[PDB]
>>> print(open('my_file.txt').read())   # compact mmCIF, N, CA, C and O atoms
# COMPACT_ATOMS: atom_id res chain seq x y z
N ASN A 1 125.04 98.02 94.82
CA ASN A 1 123.85 97.25 94.49
C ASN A 1 122.60 97.90 95.09
O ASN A 1 122.10 98.89 94.58
N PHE A 2 122.11 97.33 96.19
CA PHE A 2 120.95 97.90 96.86
C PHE A 2 121.29 99.17 97.63
O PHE A 2 120.38 99.94 97.96
N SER A 3 122.57 99.40 97.92
CA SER A 3 122.96 100.60 98.66
C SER A 3 122.61 101.86 97.88
O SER A 3 122.12 102.83 98.46
N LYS A 4 122.87 101.86 96.57
CA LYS A 4 122.52 103.02 95.76
C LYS A 4 121.02 103.10 95.50
O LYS A 4 120.47 104.21 95.41
N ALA A 5 120.35 101.96 95.40
CA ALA A 5 118.91 101.97 95.17
C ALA A 5 118.15 102.46 96.40
O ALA A 5 117.18 103.22 96.28
N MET A 6 118.58 102.05 97.60
CA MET A 6 117.92 102.50 98.81
C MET A 6 118.16 103.99 99.06
O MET A 6 117.29 104.66 99.63
N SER A 7 119.32 104.51 98.67
CA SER A 7 119.58 105.93 98.82
C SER A 7 118.60 106.76 98.00
O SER A 7 118.12 107.80 98.45
N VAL A 8 118.31 106.31 96.78
CA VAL A 8 117.32 107.00 95.96
C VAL A 8 115.93 106.85 96.57
O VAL A 8 115.13 107.79 96.56
N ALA A 9 115.63 105.67 97.12
CA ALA A 9 114.31 105.43 97.70
C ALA A 9 114.03 106.34 98.89
O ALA A 9 112.89 106.75 99.10
N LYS A 10 115.06 106.66 99.68
CA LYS A 10 114.88 107.59 100.79
C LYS A 10 114.44 108.96 100.29
O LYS A 10 113.51 109.56 100.85
N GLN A 11 115.09 109.47 99.24
CA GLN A 11 114.74 110.79 98.73
C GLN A 11 113.34 110.83 98.15
O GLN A 11 112.66 111.86 98.22
N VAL A 12 112.87 109.71 97.58
CA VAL A 12 111.50 109.66 97.09
C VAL A 12 110.52 109.82 98.24
O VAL A 12 109.51 110.52 98.12
N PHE A 13 110.80 109.17 99.37
CA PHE A 13 109.96 109.33 100.55
C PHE A 13 110.14 110.69 101.20
O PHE A 13 109.16 111.27 101.68
N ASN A 14 111.36 111.22 101.22
CA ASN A 14 111.58 112.53 101.83
C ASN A 14 110.86 113.63 101.05
O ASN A 14 110.29 114.54 101.65
N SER A 15 110.88 113.55 99.72
CA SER A 15 110.12 114.50 98.92
C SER A 15 108.63 114.38 99.18
O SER A 15 107.92 115.38 99.28
N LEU A 16 108.13 113.14 99.29
CA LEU A 16 106.73 112.94 99.63
C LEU A 16 106.43 113.46 101.03
O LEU A 16 105.36 114.03 101.27
N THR A 17 107.37 113.29 101.96
CA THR A 17 107.20 113.85 103.30
C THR A 17 107.13 115.37 103.25
O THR A 17 106.32 115.98 103.96
N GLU A 18 107.94 115.99 102.40
CA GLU A 18 108.01 117.45 102.38
C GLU A 18 106.75 118.06 101.79
O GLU A 18 106.39 119.19 102.12
N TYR A 19 106.07 117.34 100.90
CA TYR A 19 104.87 117.88 100.27
C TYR A 19 103.75 118.07 101.28
O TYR A 19 102.99 119.04 101.21
N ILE A 20 103.62 117.14 102.22
CA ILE A 20 102.48 117.16 103.14
C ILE A 20 102.79 117.80 104.48
O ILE A 20 101.86 118.20 105.19
N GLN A 21 104.06 117.91 104.86
CA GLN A 21 104.41 118.62 106.08
C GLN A 21 104.02 120.09 105.95
O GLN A 21 104.09 120.68 104.87
N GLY A 22 103.62 120.68 107.07
CA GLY A 22 102.97 121.97 107.01
C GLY A 22 101.61 121.78 106.39
O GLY A 22 101.36 122.17 105.25
N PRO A 23 100.69 121.16 107.16
CA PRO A 23 99.59 120.40 106.56
C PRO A 23 98.89 121.08 105.39
O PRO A 23 98.27 122.14 105.55
N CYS A 24 99.01 120.47 104.22
CA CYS A 24 98.33 120.94 103.02
C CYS A 24 97.19 119.97 102.74
O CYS A 24 97.41 118.78 102.51
N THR A 25 95.97 120.48 102.79
CA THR A 25 94.79 119.64 102.59
C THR A 25 94.78 119.03 101.20
O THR A 25 94.45 117.86 101.03
N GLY A 26 95.16 119.82 100.19
CA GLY A 26 95.12 119.32 98.83
C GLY A 26 96.07 118.17 98.59
O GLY A 26 95.70 117.15 97.99
N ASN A 27 97.32 118.31 99.05
CA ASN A 27 98.32 117.28 98.79
C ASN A 27 98.01 115.99 99.54
O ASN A 27 98.21 114.89 99.01
N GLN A 28 97.52 116.09 100.78
CA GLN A 28 97.16 114.89 101.53
C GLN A 28 96.02 114.15 100.84
O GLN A 28 96.05 112.91 100.75
N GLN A 29 95.01 114.87 100.36
CA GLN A 29 93.92 114.22 99.65
C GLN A 29 94.40 113.58 98.36
O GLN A 29 93.96 112.48 98.00
N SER A 30 95.30 114.26 97.64
CA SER A 30 95.82 113.71 96.40
C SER A 30 96.60 112.42 96.65
O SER A 30 96.44 111.43 95.93
N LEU A 31 97.46 112.42 97.67
CA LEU A 31 98.24 111.22 97.97
C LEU A 31 97.36 110.09 98.50
O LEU A 31 97.68 108.92 98.29
N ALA A 32 96.27 110.43 99.19
CA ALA A 32 95.34 109.40 99.64
C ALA A 32 94.67 108.71 98.46
O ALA A 32 94.49 107.49 98.47
N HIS A 33 94.29 109.48 97.44
CA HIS A 33 93.68 108.93 96.23
C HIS A 33 94.76 108.62 95.19
O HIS A 33 94.75 109.11 94.06
N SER A 34 95.71 107.78 95.60
CA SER A 34 96.84 107.42 94.76
C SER A 34 97.24 105.98 95.04
O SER A 34 96.80 105.36 96.02
N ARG A 35 98.10 105.45 94.17
CA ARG A 35 98.62 104.10 94.30
C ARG A 35 99.75 104.00 95.31
O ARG A 35 100.52 103.03 95.28
N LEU A 36 99.88 104.99 96.20
CA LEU A 36 100.93 104.97 97.21
C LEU A 36 100.75 103.80 98.16
O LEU A 36 101.73 103.22 98.65
N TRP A 37 99.50 103.44 98.46
CA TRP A 37 99.24 102.41 99.46
C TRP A 37 99.82 101.07 99.04
O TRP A 37 100.47 100.38 99.84
N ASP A 38 99.61 100.68 97.78
CA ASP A 38 100.20 99.44 97.29
C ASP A 38 101.72 99.55 97.20
O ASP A 38 102.44 98.56 97.39
N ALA A 39 102.23 100.75 96.92
CA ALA A 39 103.67 100.96 96.93
C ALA A 39 104.24 100.77 98.34
O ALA A 39 105.35 100.24 98.50
N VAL A 40 103.50 101.21 99.36
CA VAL A 40 103.92 100.98 100.74
C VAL A 40 103.88 99.49 101.06
O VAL A 40 104.79 98.96 101.71
N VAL A 41 102.83 98.80 100.62
CA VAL A 41 102.67 97.38 100.94
C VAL A 41 103.84 96.57 100.39
O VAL A 41 104.40 95.71 101.08
N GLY A 42 104.22 96.84 99.14
CA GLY A 42 105.37 96.15 98.58
C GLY A 42 106.65 96.44 99.33
O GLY A 42 107.45 95.54 99.59
N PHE A 43 106.85 97.71 99.71
CA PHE A 43 108.02 98.07 100.50
C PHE A 43 107.98 97.42 101.87
O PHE A 43 109.01 96.98 102.39
N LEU A 44 106.79 97.35 102.48
CA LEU A 44 106.66 96.65 103.75
C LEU A 44 106.96 95.17 103.60
O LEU A 44 107.60 94.56 104.46
N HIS A 45 106.51 94.56 102.49
CA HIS A 45 106.82 93.16 102.23
C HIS A 45 108.32 92.95 102.07
O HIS A 45 108.87 91.98 102.60
N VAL A 46 108.99 93.85 101.35
CA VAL A 46 110.44 93.76 101.22
C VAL A 46 111.11 93.98 102.57
O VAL A 46 112.07 93.28 102.92
N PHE A 47 110.62 94.95 103.35
CA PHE A 47 111.21 95.23 104.65
C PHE A 47 111.13 94.02 105.57
O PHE A 47 112.07 93.74 106.32
N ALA A 48 110.01 93.29 105.54
CA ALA A 48 109.80 92.16 106.42
C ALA A 48 110.81 91.04 106.19
O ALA A 48 111.57 90.68 107.10
N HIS A 49 110.84 90.49 104.97
CA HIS A 49 111.66 89.32 104.71
C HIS A 49 113.15 89.66 104.69
O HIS A 49 113.97 88.88 105.17
N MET A 50 113.50 90.82 104.14
CA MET A 50 114.92 91.16 104.00
C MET A 50 115.59 91.39 105.35
O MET A 50 116.77 91.08 105.51
N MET A 51 114.85 91.92 106.33
CA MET A 51 115.41 92.07 107.67
C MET A 51 115.77 90.72 108.27
O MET A 51 116.80 90.57 108.93
N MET A 52 114.91 89.72 108.07
CA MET A 52 115.20 88.38 108.57
C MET A 52 116.43 87.78 107.90
O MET A 52 117.28 87.17 108.56
N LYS A 53 116.54 87.95 106.58
CA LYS A 53 117.66 87.36 105.85
C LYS A 53 118.97 88.07 106.16
O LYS A 53 120.00 87.42 106.38
N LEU A 54 118.96 89.40 106.18
CA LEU A 54 120.19 90.16 106.39
C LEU A 54 120.73 90.02 107.80
O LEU A 54 121.93 90.21 108.02
N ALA A 55 119.87 89.71 108.77
CA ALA A 55 120.32 89.61 110.16
C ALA A 55 121.22 88.41 110.37
O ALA A 55 122.07 88.42 111.28
N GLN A 56 121.06 87.36 109.57
CA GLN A 56 121.85 86.15 109.74
C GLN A 56 123.33 86.41 109.47
O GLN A 56 124.20 85.91 110.19
N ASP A 57 123.64 87.18 108.43
CA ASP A 57 125.01 87.39 107.99
C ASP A 57 125.63 88.57 108.73
O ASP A 57 125.07 89.67 108.73
N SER A 58 126.78 88.34 109.35
CA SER A 58 127.47 89.40 110.09
C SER A 58 128.18 90.37 109.16
O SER A 58 128.39 91.53 109.53
N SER A 59 128.57 89.92 107.97
CA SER A 59 129.26 90.80 107.02
C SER A 59 128.32 91.72 106.26
O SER A 59 128.79 92.67 105.64
N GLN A 60 127.01 91.46 106.30
CA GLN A 60 126.03 92.27 105.59
C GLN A 60 125.26 93.19 106.53
O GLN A 60 124.15 93.62 106.20
N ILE A 61 125.83 93.51 107.70
CA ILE A 61 125.13 94.37 108.65
C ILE A 61 124.98 95.78 108.09
O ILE A 61 123.97 96.45 108.34
N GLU A 62 125.98 96.25 107.34
CA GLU A 62 125.92 97.62 106.82
C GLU A 62 124.73 97.81 105.88
O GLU A 62 124.16 98.90 105.83
N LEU A 63 124.34 96.76 105.15
CA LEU A 63 123.15 96.85 104.31
C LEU A 63 121.89 96.95 105.17
O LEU A 63 120.96 97.68 104.82
N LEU A 64 121.85 96.22 106.29
CA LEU A 64 120.70 96.28 107.17
C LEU A 64 120.53 97.67 107.78
O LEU A 64 119.41 98.18 107.89
N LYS A 65 121.64 98.30 108.17
CA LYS A 65 121.57 99.64 108.74
C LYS A 65 120.99 100.63 107.73
O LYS A 65 120.16 101.47 108.08
N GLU A 66 121.43 100.53 106.47
CA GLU A 66 120.85 101.38 105.43
C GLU A 66 119.38 101.03 105.20
O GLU A 66 118.56 101.91 104.92
N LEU A 67 119.04 99.74 105.30
CA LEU A 67 117.64 99.34 105.17
C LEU A 67 116.80 99.89 106.31
O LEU A 67 115.65 100.31 106.10
N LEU A 68 117.35 99.90 107.53
CA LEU A 68 116.57 100.33 108.69
C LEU A 68 116.20 101.80 108.60
O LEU A 68 115.05 102.18 108.86
N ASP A 69 117.16 102.66 108.24
CA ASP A 69 116.85 104.08 108.15
C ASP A 69 115.91 104.39 107.00
O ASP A 69 115.19 105.39 107.03
N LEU A 70 115.90 103.54 105.96
CA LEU A 70 114.91 103.69 104.90
C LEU A 70 113.50 103.49 105.45
O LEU A 70 112.58 104.22 105.08
N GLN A 71 113.32 102.50 106.33
CA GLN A 71 112.02 102.28 106.93
C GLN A 71 111.62 103.43 107.84
O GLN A 71 110.43 103.75 107.96
N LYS A 72 112.60 104.07 108.49
CA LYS A 72 112.30 105.26 109.29
C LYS A 72 111.81 106.40 108.41
O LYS A 72 110.96 107.19 108.84
N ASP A 73 112.32 106.51 107.19
CA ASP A 73 111.85 107.54 106.28
C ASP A 73 110.42 107.27 105.81
O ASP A 73 109.69 108.22 105.50
N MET A 74 110.02 106.01 105.73
CA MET A 74 108.65 105.70 105.34
C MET A 74 107.66 106.06 106.44
O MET A 74 106.63 106.69 106.18
N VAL A 75 107.96 105.67 107.68
CA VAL A 75 106.99 105.88 108.76
C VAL A 75 106.77 107.36 109.01
O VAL A 75 105.67 107.77 109.41
N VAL A 76 107.79 108.19 108.80
CA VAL A 76 107.61 109.64 108.90
C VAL A 76 106.60 110.12 107.86
O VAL A 76 105.74 110.96 108.15
N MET A 77 106.70 109.59 106.64
CA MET A 77 105.74 109.95 105.60
C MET A 77 104.33 109.53 105.99
O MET A 77 103.36 110.25 105.72
N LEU A 78 104.19 108.37 106.62
CA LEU A 78 102.88 107.95 107.12
C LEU A 78 102.42 108.83 108.27
O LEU A 78 101.23 109.17 108.36
N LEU A 79 103.33 109.21 109.16
CA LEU A 79 102.97 110.09 110.27
C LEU A 79 102.63 111.50 109.80
O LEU A 79 101.94 112.22 110.52
N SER A 80 103.11 111.90 108.62
CA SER A 80 102.76 113.19 108.06
C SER A 80 101.38 113.21 107.43
O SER A 80 100.72 114.25 107.44
N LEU A 81 100.93 112.08 106.89
CA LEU A 81 99.58 111.99 106.35
C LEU A 81 98.51 112.10 107.44
O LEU A 81 97.35 112.35 107.12
N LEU A 82 98.89 111.91 108.70
CA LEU A 82 97.96 112.02 109.81
C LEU A 82 97.90 113.42 110.40
O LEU A 82 97.22 113.62 111.42
N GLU A 83 98.59 114.39 109.82
CA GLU A 83 98.46 115.77 110.25
C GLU A 83 97.10 116.31 109.83
O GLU A 83 96.69 116.15 108.68
N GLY A 84 96.41 116.96 110.76
CA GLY A 84 95.05 117.38 110.49
C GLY A 84 94.05 116.25 110.47
O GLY A 84 92.98 116.38 109.88
N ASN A 85 94.39 115.12 111.09
CA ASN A 85 93.52 113.96 111.08
C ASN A 85 92.24 114.23 111.86
O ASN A 85 92.25 114.91 112.89
N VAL A 86 91.13 113.67 111.37
CA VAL A 86 89.85 113.76 112.05
C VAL A 86 89.32 112.35 112.26
O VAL A 86 89.74 111.40 111.60
N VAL A 87 88.38 112.22 113.20
CA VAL A 87 87.78 110.93 113.49
C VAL A 87 87.10 110.40 112.25
O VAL A 87 86.36 111.12 111.57
N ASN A 88 87.35 109.13 111.94
CA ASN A 88 86.82 108.48 110.74
C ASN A 88 87.20 109.26 109.49
O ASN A 88 86.41 109.41 108.55
N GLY A 89 88.42 109.78 109.48
CA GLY A 89 88.91 110.52 108.34
C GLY A 89 89.17 109.61 107.15
O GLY A 89 89.46 108.42 107.29
N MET A 90 89.05 110.19 105.95
CA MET A 90 89.27 109.42 104.74
C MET A 90 90.70 108.90 104.67
O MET A 90 90.94 107.72 104.40
N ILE A 91 91.67 109.78 104.92
CA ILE A 91 93.07 109.38 104.86
C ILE A 91 93.40 108.38 105.96
O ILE A 91 94.18 107.44 105.76
N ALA A 92 92.80 108.56 107.14
CA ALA A 92 93.03 107.63 108.24
C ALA A 92 92.44 106.26 107.92
O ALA A 92 93.08 105.23 108.15
N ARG A 93 91.21 106.23 107.40
CA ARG A 93 90.57 104.96 107.10
C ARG A 93 91.30 104.21 105.99
O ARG A 93 91.49 102.99 106.08
N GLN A 94 91.73 104.93 104.95
CA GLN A 94 92.44 104.28 103.85
C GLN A 94 93.76 103.68 104.32
O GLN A 94 94.21 102.67 103.77
N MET A 95 94.40 104.29 105.32
CA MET A 95 95.62 103.71 105.87
C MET A 95 95.33 102.45 106.67
O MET A 95 96.17 101.54 106.71
N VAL A 96 94.16 102.37 107.30
CA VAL A 96 93.79 101.17 108.05
C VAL A 96 93.68 99.97 107.12
O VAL A 96 94.14 98.87 107.43
N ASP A 97 93.06 100.17 105.95
CA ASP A 97 92.96 99.09 104.97
C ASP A 97 94.34 98.63 104.52
O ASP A 97 94.59 97.43 104.36
N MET A 98 95.26 99.58 104.31
CA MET A 98 96.61 99.23 103.88
C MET A 98 97.33 98.39 104.92
O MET A 98 98.03 97.43 104.59
N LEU A 99 97.17 98.73 106.20
CA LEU A 99 97.78 97.94 107.26
C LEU A 99 97.15 96.55 107.35
O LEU A 99 97.85 95.56 107.58
N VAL A 100 95.83 96.47 107.17
CA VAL A 100 95.14 95.18 107.24
C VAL A 100 95.63 94.26 106.13
O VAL A 100 95.89 93.07 106.36
N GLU A 101 95.77 94.78 104.91
CA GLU A 101 96.20 93.96 103.79
C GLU A 101 97.60 93.40 104.01
O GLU A 101 97.87 92.24 103.70
N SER A 102 98.51 94.22 104.55
CA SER A 102 99.88 93.80 104.82
C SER A 102 100.09 93.48 106.30
O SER A 102 101.18 93.68 106.83
N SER A 103 99.05 92.96 106.96
CA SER A 103 99.15 92.66 108.38
C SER A 103 100.17 91.57 108.66
O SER A 103 100.76 91.53 109.75
N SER A 104 100.40 90.67 107.70
CA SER A 104 101.37 89.60 107.90
C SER A 104 102.79 90.15 108.02
O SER A 104 103.57 89.69 108.85
N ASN A 105 103.14 91.14 107.19
CA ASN A 105 104.49 91.69 107.22
C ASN A 105 104.72 92.55 108.45
O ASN A 105 105.83 92.58 109.00
N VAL A 106 103.69 93.27 108.90
CA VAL A 106 103.83 94.14 110.06
C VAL A 106 104.16 93.33 111.31
O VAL A 106 104.98 93.74 112.14
N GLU A 107 103.54 92.15 111.45
CA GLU A 107 103.79 91.32 112.62
C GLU A 107 105.25 90.92 112.72
O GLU A 107 105.83 90.92 113.81
N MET A 108 105.87 90.58 111.59
CA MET A 108 107.30 90.27 111.60
C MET A 108 108.12 91.51 111.92
O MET A 108 109.16 91.41 112.58
N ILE A 109 107.69 92.68 111.44
CA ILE A 109 108.41 93.91 111.72
C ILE A 109 108.43 94.20 113.21
O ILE A 109 109.47 94.54 113.79
N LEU A 110 107.28 94.05 113.87
CA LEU A 110 107.23 94.23 115.32
C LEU A 110 108.05 93.17 116.03
O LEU A 110 108.67 93.44 117.07
N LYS A 111 108.07 91.96 115.49
CA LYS A 111 108.87 90.87 116.05
C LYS A 111 110.36 91.08 115.76
O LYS A 111 110.97 92.02 116.27
>>> encode(input="my_file.txt", output="structure tokens")
Amino acid sequence: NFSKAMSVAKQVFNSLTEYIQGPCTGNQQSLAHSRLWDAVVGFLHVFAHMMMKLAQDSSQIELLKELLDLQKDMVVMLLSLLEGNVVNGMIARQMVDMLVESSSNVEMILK
């Protein structure tokens, strides 16, 4: 079910991670001017509620472990967009808006 879907989702993030690693100015600017931010917000929203639900069931722990490493693949992609970051950078500022919009889900993630 979600096990095969999350496996594909990791590779989508890993490919996105690979494009910007070894800082490429063009690719970072292209991804900044893209619908990736809303795609992250939806994934963050899914990450928030599903972690709470999956933690209750002891037989569904294996799904949570696969879910957890998927979130690790996302944050690496976000940490790669900050390569070559400058003060008040466009890519940095656009990420701040994305965190603000999904601030409700992040609080549960930290919790």
>>> axis_aligned_box(input="my_file.txt", around="range 90-94 of chain A", padding_each_side="5 Å", output="JSON")
{"center_x": 91.6, "center_y": 106.4, "center_z": 106.0, "size_x": 15.2, "size_y": 17.5, "size_z": 14.5}
>>> atom_distance(input="my_file.txt", atom1="atom C of residue 13 in chain A", atom2="atom N of residue 101 in chain A")
21.8 Å
>>> residues_around(input="my_file.txt", residues="range 24-32 of chain A", least_positions_apart="3", cutoff="7 Å", atoms="all atoms listed in the file", output="MDAnalysis selection string")
chainID A and resid 19:21 35:37 80:81 83 90:91 94
>>> atom_distance(input="my_file.txt", atom1="atom C of residue 79 in chain A", atom2="atom N of residue 49 in chain A")
23.1 Å
>>> atom_distance(input="my_file.txt", atom1="CA of residue 86 in chain A", atom2="CA of residue 43 in chain A")
26.6 Å
>>> residues_around(input="my_file.txt", residues="residue 99 in chain A", least_positions_apart="2", cutoff="12 Å", atoms="only C-alpha atoms", output="list in words")
residues 37, 38, 40, 41, 42, 44, 45, 78, 92, 93, 94, 95, 96, 97, 101, 102, 103, 104, 105, 106 and 107 of chain A
>>> select_by_dssp(input="my_file.txt", residues="chain A", states="helix (DSSP H, G or I)", output="ChimeraX atom specification")
/A:2-20,25-32,36-56,61-81,90-101,103-110
>>> residues_around(input="my_file.txt", residues="residue 9 in chain A", least_positions_apart="3", cutoff="12 Å", atoms="only C-alpha atoms", output="PyMOL selection string")
chain A and resi 2-6+12-16+39-40+43+66-67+69-74
>>> residues_near_point(input="my_file.txt", point="(122.6, 91.7, 102.5)", cutoff="6 Å", atoms="all atoms listed in the file", output="PyMOL selection string")
chain A and resi 54+60+63-64
>>> closest_residue(input="my_file.txt", among="A:61, A:75, A:48, A:8", to="residue 108 in chain A", atoms="only C-alpha atoms")
A:48
